[PDB]
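For reference, the structure discussed in these notes is given below.
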Amino acid sequence: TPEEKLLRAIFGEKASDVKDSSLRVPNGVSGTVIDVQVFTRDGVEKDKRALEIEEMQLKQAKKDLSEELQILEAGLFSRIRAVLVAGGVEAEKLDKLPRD
Amino acid sequence: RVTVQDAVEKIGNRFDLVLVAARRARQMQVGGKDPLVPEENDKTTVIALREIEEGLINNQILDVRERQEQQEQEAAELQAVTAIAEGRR
Amino acid sequence: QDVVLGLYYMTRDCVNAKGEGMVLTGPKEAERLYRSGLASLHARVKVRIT
Amino acid sequence: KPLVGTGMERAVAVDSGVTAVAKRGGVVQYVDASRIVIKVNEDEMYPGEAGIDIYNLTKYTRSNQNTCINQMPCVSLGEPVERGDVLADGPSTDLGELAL
Amino acid sequence: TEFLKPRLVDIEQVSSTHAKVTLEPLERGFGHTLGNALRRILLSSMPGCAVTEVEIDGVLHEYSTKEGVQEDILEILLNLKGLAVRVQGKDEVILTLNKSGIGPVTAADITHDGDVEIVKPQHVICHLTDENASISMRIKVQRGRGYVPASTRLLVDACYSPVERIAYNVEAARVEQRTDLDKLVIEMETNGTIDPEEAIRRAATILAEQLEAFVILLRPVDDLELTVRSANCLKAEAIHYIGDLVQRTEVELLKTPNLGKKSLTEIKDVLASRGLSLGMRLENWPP
Amino acid sequence: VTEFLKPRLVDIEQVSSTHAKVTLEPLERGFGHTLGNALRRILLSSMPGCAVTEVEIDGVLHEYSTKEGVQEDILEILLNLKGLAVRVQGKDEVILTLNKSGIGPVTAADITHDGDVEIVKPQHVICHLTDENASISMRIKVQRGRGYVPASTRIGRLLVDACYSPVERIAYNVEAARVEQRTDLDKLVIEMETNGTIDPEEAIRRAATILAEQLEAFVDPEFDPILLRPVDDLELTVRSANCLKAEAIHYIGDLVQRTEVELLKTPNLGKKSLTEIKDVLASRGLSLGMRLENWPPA
Amino acid sequence: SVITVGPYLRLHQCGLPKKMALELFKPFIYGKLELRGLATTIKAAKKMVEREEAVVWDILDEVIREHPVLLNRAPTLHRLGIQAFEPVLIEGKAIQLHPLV
Amino acid sequence: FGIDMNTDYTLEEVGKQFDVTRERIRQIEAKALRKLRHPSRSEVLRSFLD
């Protein structure tokens, strides 16, 4: 409207092609953001959004493998040790050579 | 709550009092605070009701002031309005 | 509810062995004496109230 | 835990899978907010052919009614636990007893 | 640390000897505190003159009734309790009351003593019926504290305190941001011997005089949750903490071997997200 | 006209480090409950004390996070920090540093010994590090205040509910005092159970002080607002903002008064910065060399 | 909203939460802020009130002065199922109701 | 701006209407806009954006 035209002209904001549709926090609510999940159509222009989270999940997963292999190693070798000692006792000898 | 029984006592049938007080309050918001009895507190509705309580307003008296207001509008223009009427024959 | 429980409690008959024979000097002085001491769960006391 | 119970508050917290329990007798190897590692065979050497078990704990998960479901470890490092012992308490549970 | 102290006052004079003064701002829990403290002082520790004994001619026991007097001795003592007297500087004074005739015998008929001041002379003490009736009595007035009944040890219940009734209301107060403020509304009922306000300042005086003898820059970059690449680049540039990063400028960072504009923009975003920025001066790095 | 007997602290029976019994020797009958209630009411809510208000734990962003190598989650840790009893010399804000690596409990005794700060209960558990490669490094902010001020009463920094009041429980007894003189005298025995941050005597004198101070007698648009906004509201570059602040330009009103000539004469402002400033000012209907004549009103 | 007892209330009064009152009386508040010099225009008043800027509250007190609200509870079996009360601004999210009613 | 006649007349049209050159009309348009935008009287018209 002409009044709005004048207002914009006075303040020089220029009419934007796009309209604000952002998701906002509802009334009476508030707090701490503890997680975000993003899902993008396959082969979409994935940006920093789907890359940072991706890499983070990869690091968490990899650590989830390292810890399980740590428990598995210190879980099976500590059992094969008591088996190896019985008969062929090597106290000061076994705790030297590599685990593999 | 403020002397409501007395206010209704001043004008029977309750309802009618509600209509009247409403009209008076509309008078307060329409033109000027004016009026009388004068506590100047608790907005237009209660100013009108307190006015009615002291029988300051009253329906007939309000109607009379309105007719006099019609006479006041007659006052001024008058000969000029009649001039606007006489020019158009 | 509670209001009743209150009123009934403040106006209940009692042996009044403690707060017996009290001249009130009026409802005001009576209240003063009531808040003060020696009056509990009402008393058998004459009231000077006009 | 309620100071006045009926004695059923343990069985409720037990049968609902919120609380994490030990499968077999063993000893606690590791304790974390995130996970609890238990080394089996301490009592009656039940486990065979590789020994140990790792319980990942649910942490700050969201329920259907928007309440936060999180487990807290109820054990300490090196603690001896038997079969069916409470390891981590779920939401609204205290030492294996129901806390509403 | 300072507390909210009284501001703006109001006094609602219900009558000539009954007033309601209120303090507008108070902290929560002080309404009942000052209210009960003051009620306990006022109802027992106020100083005032009061009738304690009476010597009427011809009268022996309170159960007796006098010839020519409408009301019985009990009612007469009951009236004598309400005798409002202000004495100059004494703790005991004897008033003489001689009266003959028909009609009401008021406090104005009491023999005018120089020291003694009678607040309400129109206060009715008796009622003489016949014209041959007459009363002659000696009213003993003593100074004391609180309500001391005659049943202590003719005798009359002594109401030394000038105040008949005390009440208080806590009511949540308005005012600026605090919301949890109260305002103490004290309802006072005195006899007019002493002013309400000065009675309050006197209770406060007694109370006070009783209390006389008792008066992020050092956080690692890893906390920012940057990309692995950005973090490793920063660590490679000897930037291990937030403080190290906030000192660098965009230009200088772009001059480093491993940090591009995407990464720099990321850094600006994550820093802005925590109220921080690049090129921040802290002057004195480090203590 | 009988002069009154005025109360004085006469006894202190320290049952323990945090439990005491303070008694007043002279009192008139009926005064026991008055001071008893007044003092209990002041003590239980109006006492000033130090309390943890903010905490900065490394690696942790939000309090709902859980840390690798720590038994309890961050919430439990903060909840533990609420109970950190600290006595600070003469300050209204102090930063405590806590660095700890190893296995076992991380108590208040592991907090870096600061000269001013006194730790009442060093054996107070804050954490439990499980594995020997685990370590925590946190910054605990301790402030002085009054009453209960929740964290909800408003950076990657956590907030903790503040429990400022040093007093947990108060009790009092009226008990008839001895002394042949007057005979009708009482003695107020206040049994206090505090957190050990503050001594009984000064607490009593402080409650009485507050009470006395409460009893302090009984007596009786023109111009554009945008000009008073800080320069940060212009959202300039860090360099331009710092330069302007260095030139005593802290608000938009200060900036709009300056001219191009004057600004270019400053030691740190180049053509780029000026272009930026003119651009951001023009973007909001403002400019340089603006006359507002009357700087400032009040 | 949920109702709680209000013992301090007069029979002609009710406890009304600040936020609720702020929302309900919004156009009145804008109008009053335009009449007095508190805001240049209705839009400015809105922008100001949304922020919850101070003095908006005192203005709200000026708005509900002598004004009445209707309180209603289902089921409405008789005409006393809806009654009028003078609103008193209160902290908290609960409506406070007079015990006699 | 079309407040009059419901049409946004060109600078040349307005110039022709006032018997002046387009440069003149652009000049007075510019000083008018300048007056409007100025900090004085800017209030009210301002903030109406969001």
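Simple scheme: letters A, B, ... for chains in structure tokens order, numbers from 1 for residues in each chain, numbers from 1 for ligands in the order shown.
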12 Å contact set for residue 27 (chain A), only C-alpha atoms, chain neighbours under 2 positions out, as a PDB file with N, CA, C and O atoms, in the first residue's frame:
```pdb
ATOM      1  N   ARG A  24       9.158 -21.100  15.913  1.00  0.00           N
ATOM      2  CA  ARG A  24       9.508 -20.379  17.130  1.00  0.00           C
ATOM      3  C   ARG A  24       9.060 -21.129  18.373  1.00  0.00           C
ATOM      4  O   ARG A  24       8.180 -21.988  18.315  1.00  0.00           O
ATOM      5  N   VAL A  25       9.683 -20.810  19.499  1.00  0.00           N
ATOM      6  CA  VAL A  25       9.275 -21.373  20.772  1.00  0.00           C
ATOM      7  C   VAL A  25       7.904 -20.855  21.199  1.00  0.00           C
ATOM      8  O   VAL A  25       7.698 -19.644  21.300  1.00  0.00           O
ATOM      9  N   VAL A  29       6.447 -21.497  27.175  1.00  0.00           N
ATOM     10  CA  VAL A  29       7.444 -22.554  27.187  1.00  0.00           C
ATOM     11  C   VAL A  29       8.832 -21.945  27.051  1.00  0.00           C
ATOM     12  O   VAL A  29       8.973 -20.812  26.588  1.00  0.00           O
ATOM     13  N   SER A  30       9.846 -22.721  27.428  1.00  0.00           N
ATOM     14  CA  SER A  30      11.237 -22.268  27.458  1.00  0.00           C
ATOM     15  C   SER A  30      12.116 -23.387  28.006  1.00  0.00           C
ATOM     16  O   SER A  30      11.607 -24.362  28.559  1.00  0.00           O
TER      17      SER A  30
ATOM     18  N   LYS G  19      -0.319 -12.982  33.418  1.00  0.00           N
ATOM     19  CA  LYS G  19      -0.155 -13.286  32.002  1.00  0.00           C
ATOM     20  C   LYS G  19      -1.514 -13.361  31.311  1.00  0.00           C
ATOM     21  O   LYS G  19      -1.724 -12.742  30.263  1.00  0.00           O
ATOM     22  N   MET G  20      -2.434 -14.107  31.920  1.00  0.00           N
ATOM     23  CA  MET G  20      -3.793 -14.225  31.412  1.00  0.00           C
ATOM     24  C   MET G  20      -4.428 -12.865  31.214  1.00  0.00           C
ATOM     25  O   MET G  20      -4.981 -12.583  30.156  1.00  0.00           O
ATOM     26  N   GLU G  23      -2.941 -10.968  28.294  1.00  0.00           N
ATOM     27  CA  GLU G  23      -3.406 -11.455  27.002  1.00  0.00           C
ATOM     28  C   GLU G  23      -4.850 -11.058  26.717  1.00  0.00           C
ATOM     29  O   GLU G  23      -5.161 -10.556  25.638  1.00  0.00           O
ATOM     30  N   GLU G  50       4.723  -6.815  23.992  1.00  0.00           N
ATOM     31  CA  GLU G  50       5.212  -8.168  23.729  1.00  0.00           C
ATOM     32  C   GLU G  50       6.503  -8.416  24.495  1.00  0.00           C
ATOM     33  O   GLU G  50       6.702  -9.485  25.069  1.00  0.00           O
TER      34      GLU G  50
END
```
I'd like to know which residues of region 104-246 of chain E are strand (DSSP E) (by DSSP, run on the backbone); could you write them as number ranges by chain?
E: 104-106, 117-118, 124-128, 134-145, 147-148, 158-159, 163-169, 172-173, 181-182, 185-190
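Selected on chain G by distance to chain C: residues 7, 99 and 100 of chain G (within 12 Å, counting only C-alpha atoms).
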Residues just named, written with N, CA and C atoms as a PDB file, in the first residue's frame:
```pdb
ATOM      1  N   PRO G   7      -8.508 -17.072  50.103  1.00  0.00           N
ATOM      2  CA  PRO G   7      -9.031 -16.656  51.417  1.00  0.00           C
ATOM      3  C   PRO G   7      -9.013 -15.143  51.666  1.00  0.00           C
ATOM      4  N   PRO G  99     -14.030 -18.478  48.464  1.00  0.00           N
ATOM      5  CA  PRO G  99     -14.634 -19.698  49.021  1.00  0.00           C
ATOM      6  C   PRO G  99     -16.158 -19.672  49.194  1.00  0.00           C
ATOM      7  N   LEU G 100     -16.768 -18.507  49.376  1.00  0.00           N
ATOM      8  CA  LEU G 100     -18.215 -18.487  49.568  1.00  0.00           C
ATOM      9  C   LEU G 100     -18.965 -18.876  48.303  1.00  0.00           C
TER      10      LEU G 100
END
```
So which residues touch residue 259 (chain E) within 9 Å, counting only C-alpha atoms, skipping near sequence neighbours fewer than 3 positions away, as an mmCIF file with C-alpha atoms, in the first residue's frame?
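Below is the file that was written, around-v4.cif:
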```cif
data_model
loop_
_atom_site.group_PDB
_atom_site.id
_atom_site.type_symbol
_atom_site.label_atom_id
_atom_site.label_comp_id
_atom_site.auth_asym_id
_atom_site.auth_seq_id
_atom_site.Cartn_x
_atom_site.Cartn_y
_atom_site.Cartn_z
ATOM 1 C CA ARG E 229 38.779 -29.729 10.691
ATOM 2 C CA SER E 230 38.387 -26.303 12.320
ATOM 3 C CA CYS E 233 43.427 -26.221 12.364
ATOM 4 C CA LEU E 234 43.103 -24.032 15.450
ATOM 5 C CA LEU E 253 43.283 -16.142 10.803
ATOM 6 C CA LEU E 254 42.915 -15.963 7.025
ATOM 7 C CA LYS E 255 46.691 -15.542 6.947
ATOM 8 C CA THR E 256 47.097 -18.931 8.676
ATOM 9 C CA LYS E 262 33.760 -21.141 5.527
ATOM 10 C CA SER E 263 35.576 -22.117 8.718
ATOM 11 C CA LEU E 264 35.993 -18.466 9.760
#
```
Counting only C-alpha atoms, which residues from chain D have an atom at most 7 Å from any atom of chain A, and could you show them as number ranges by chain?
D: 50-52
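Proximity to residue 37 (chain C) at 12 Å, evaluated using only C-alpha atoms and with sequence-adjacent residues fewer than 6 positions away removed, yields residues 18, 19, 30, 31 and 43 of chain C; 40, 43, 44, 146, 147, 148 and 149 of chain E; 30 of chain F.
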Atoms kept (N, CA and C atoms) for selection, written as a PDB file, in the first residue's frame:
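Output saved as selection_13.pdb:
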```pdb
ATOM      1  N   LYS C  18     -11.023 -22.744  84.338  1.00  0.00           N
ATOM      2  CA  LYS C  18      -9.961 -21.743  84.307  1.00  0.00           C
ATOM      3  C   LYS C  18     -10.466 -20.322  84.044  1.00  0.00           C
ATOM      4  N   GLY C  19     -11.152 -20.118  82.924  1.00  0.00           N
ATOM      5  CA  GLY C  19     -11.618 -18.784  82.583  1.00  0.00           C
ATOM      6  C   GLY C  19     -12.923 -18.343  83.231  1.00  0.00           C
ATOM      7  N   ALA C  30     -12.858  -7.407  76.357  1.00  0.00           N
ATOM      8  CA  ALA C  30     -13.083  -8.846  76.365  1.00  0.00           C
ATOM      9  C   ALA C  30     -12.177  -9.528  75.353  1.00  0.00           C
ATOM     10  N   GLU C  31     -12.079  -8.922  74.172  1.00  0.00           N
ATOM     11  CA  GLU C  31     -11.207  -9.414  73.110  1.00  0.00           C
ATOM     12  C   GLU C  31      -9.742  -9.307  73.509  1.00  0.00           C
ATOM     13  N   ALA C  43     -15.204 -19.318  77.359  1.00  0.00           N
ATOM     14  CA  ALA C  43     -15.285 -19.304  78.813  1.00  0.00           C
ATOM     15  C   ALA C  43     -16.688 -18.936  79.268  1.00  0.00           C
TER      16      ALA C  43
ATOM     17  N   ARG E  40       2.237  -7.716  70.511  1.00  0.00           N
ATOM     18  CA  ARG E  40       2.633  -8.239  71.810  1.00  0.00           C
ATOM     19  C   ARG E  40       3.115  -7.090  72.701  1.00  0.00           C
ATOM     20  N   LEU E  43      -0.281  -4.810  73.515  1.00  0.00           N
ATOM     21  CA  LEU E  43      -1.281  -5.445  74.368  1.00  0.00           C
ATOM     22  C   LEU E  43      -0.840  -5.718  75.808  1.00  0.00           C
ATOM     23  N   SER E  44       0.353  -5.276  76.195  1.00  0.00           N
ATOM     24  CA  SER E  44       0.834  -5.599  77.535  1.00  0.00           C
ATOM     25  C   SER E  44       1.953  -4.706  78.065  1.00  0.00           C
ATOM     26  N   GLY E 146       0.056  -3.135  80.898  1.00  0.00           N
ATOM     27  CA  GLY E 146      -0.804  -4.215  80.458  1.00  0.00           C
ATOM     28  C   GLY E 146      -2.103  -4.325  81.223  1.00  0.00           C
ATOM     29  N   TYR E 147      -2.815  -5.419  80.982  1.00  0.00           N
ATOM     30  CA  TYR E 147      -4.092  -5.655  81.635  1.00  0.00           C
ATOM     31  C   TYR E 147      -3.889  -6.494  82.890  1.00  0.00           C
ATOM     32  N   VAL E 148      -4.038  -5.858  84.049  1.00  0.00           N
ATOM     33  CA  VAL E 148      -3.899  -6.541  85.332  1.00  0.00           C
ATOM     34  C   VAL E 148      -5.234  -6.586  86.072  1.00  0.00           C
ATOM     35  N   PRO E 149      -5.955  -7.710  85.945  1.00  0.00           N
ATOM     36  CA  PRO E 149      -7.256  -7.922  86.590  1.00  0.00           C
ATOM     37  C   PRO E 149      -7.194  -7.725  88.096  1.00  0.00           C
TER      38      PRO E 149
ATOM     39  N   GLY F  30       6.931 -12.522  79.040  1.00  0.00           N
ATOM     40  CA  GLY F  30       6.149 -12.250  77.847  1.00  0.00           C
ATOM     41  C   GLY F  30       6.962 -11.720  76.677  1.00  0.00           C
TER      42      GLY F  30
END
```
Write down, as a ChimeraX atom specification, each residue of chain F that has any atom within 12 Å of an atom of chain D, counting only C-alpha atoms.
/F:62-77,103-105,127-132,134
Counting only C-alpha atoms, which residues from chain F have an atom at most 12 Å from any atom of chain A, and could you show them as number ranges by chain?
F: 60-66, 68, 151-152, 154-159, 279-286
At a cut-off of 8 Å, list the chain A residues touching chain H, using only C-alpha atoms, as number ranges by chain.
A: 2-3, 5-7, 10-11
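Near residue 221 (chain E), within a cut-off of 8 Å and counting only C-alpha atoms, sit the residues residues 224, 225, 226, 231, 239, 240, 241 and 242 of chain E, with same-chain residues fewer than 3 positions away left out.
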Within 9 Å of region 18-28 of chain D, counting only C-alpha atoms, which residues qualify if same-chain residues fewer than 2 places away don't, as a PyMOL selection string?
chain D and resi 13-16+30-31+36-47+52-53+55+57-58+69-71+73+75-91+93+96
Filtering to C-alpha atoms, could you give me those residues as a short mmCIF file (atom, residue, chain, number, x, y, z; two decimals), in the first residue's frame?
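Result file selection.cif:
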```cif
data_model
loop_
_atom_site.label_atom_id
_atom_site.label_comp_id
_atom_site.auth_asym_id
_atom_site.auth_seq_id
_atom_site.Cartn_x
_atom_site.Cartn_y
_atom_site.Cartn_z
CA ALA D 13 10.59 -51.60 39.32
CA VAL D 14 12.09 -55.00 38.47
CA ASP D 15 9.53 -56.22 35.94
CA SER D 16 9.45 -52.90 34.03
CA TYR D 30 33.47 -50.18 34.94
CA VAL D 31 30.87 -47.57 35.99
CA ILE D 36 28.24 -50.17 33.07
CA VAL D 37 30.69 -53.00 32.37
CA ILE D 38 30.36 -56.18 34.42
CA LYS D 39 32.83 -59.09 34.42
CA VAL D 40 30.92 -62.37 34.72
CA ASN D 41 31.69 -65.65 36.52
CA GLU D 42 32.41 -64.24 39.99
CA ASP D 43 29.66 -66.39 41.50
CA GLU D 44 29.16 -69.97 40.28
CA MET D 45 31.26 -69.21 37.14
CA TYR D 46 28.16 -69.36 34.94
CA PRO D 47 29.60 -67.60 31.86
CA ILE D 52 32.07 -60.02 30.34
CA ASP D 53 28.95 -58.00 29.56
CA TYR D 55 25.17 -52.50 29.60
CA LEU D 57 22.38 -46.89 29.76
CA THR D 58 19.59 -44.74 28.38
CA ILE D 69 13.72 -41.16 30.79
CA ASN D 70 17.25 -41.52 32.13
CA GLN D 71 19.08 -44.22 34.02
CA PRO D 73 24.18 -46.25 37.84
CA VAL D 75 26.62 -49.59 41.64
CA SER D 76 30.27 -48.80 42.29
CA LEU D 77 33.52 -50.05 40.75
CA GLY D 78 34.58 -53.44 42.09
CA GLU D 79 31.23 -54.13 43.74
CA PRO D 80 30.20 -57.79 43.84
CA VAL D 81 26.79 -58.36 42.20
CA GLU D 82 24.74 -61.56 41.87
CA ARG D 83 22.14 -62.73 39.37
CA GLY D 84 19.15 -60.40 39.26
CA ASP D 85 20.80 -57.60 41.21
CA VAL D 86 19.91 -53.97 40.41
CA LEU D 87 22.62 -52.21 38.37
CA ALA D 88 21.07 -48.93 37.25
CA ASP D 89 17.87 -47.28 38.46
CA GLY D 90 15.42 -46.05 35.86
CA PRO D 91 13.13 -43.02 36.22
CA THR D 93 12.91 -45.77 41.01
CA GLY D 96 15.30 -51.03 42.85
#
```
DSSP alpha helix (DSSP H) residues within chain A, listed as an MDAnalysis selection string
chainID A and resid 2:11 49:85 91:94
By how many Å are CA of residue 213 (chain F) and CA of residue 4 (chain E) apart?
10.4 Å
Give the residues of chain F that lie within 6 Å of chain E; count only C-alpha atoms, and format the answer as number ranges by chain.
F: 6, 34, 38, 59, 155, 205, 209, 212, 217-218
Writer output for current selection, N, CA and C atoms, as a compact mmCIF listing (two decimals), in the first residue's frame:
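Generated output (again35.txt):
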```txt
# COMPACT_ATOMS: atom_id res chain seq x y z
N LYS F 6 17.23 -4.63 79.76
CA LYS F 6 17.49 -4.88 78.35
C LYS F 6 18.41 -6.09 78.14
N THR F 34 8.24 -12.98 71.80
CA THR F 34 8.31 -11.87 70.85
C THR F 34 9.63 -11.87 70.10
N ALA F 38 10.52 -13.08 66.29
CA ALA F 38 11.15 -12.08 65.45
C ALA F 38 12.48 -12.60 64.92
N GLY F 59 34.05 -29.45 28.47
CA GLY F 59 33.49 -30.48 27.61
C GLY F 59 31.98 -30.52 27.67
N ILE F 155 25.26 -19.31 26.74
CA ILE F 155 26.66 -18.91 26.76
C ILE F 155 27.52 -20.17 26.91
N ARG F 205 23.25 -10.68 66.30
CA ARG F 205 23.38 -9.22 66.20
C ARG F 205 22.96 -8.70 64.83
N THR F 209 19.96 -6.37 64.20
CA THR F 209 20.27 -5.15 63.46
C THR F 209 19.22 -4.91 62.39
N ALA F 212 15.94 -3.80 64.13
CA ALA F 212 16.05 -2.40 64.51
C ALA F 212 15.95 -1.45 63.31
N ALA F 217 11.37 4.06 63.24
CA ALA F 217 10.28 4.96 63.62
C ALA F 217 9.08 4.95 62.67
N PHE F 218 8.09 5.78 63.02
CA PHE F 218 6.92 5.99 62.20
C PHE F 218 6.76 7.49 61.92
```
For CA of residue 254 (chain F) and CA of residue 270 (chain F), the interatomic separation in Å (one decimal)
18.8 Å
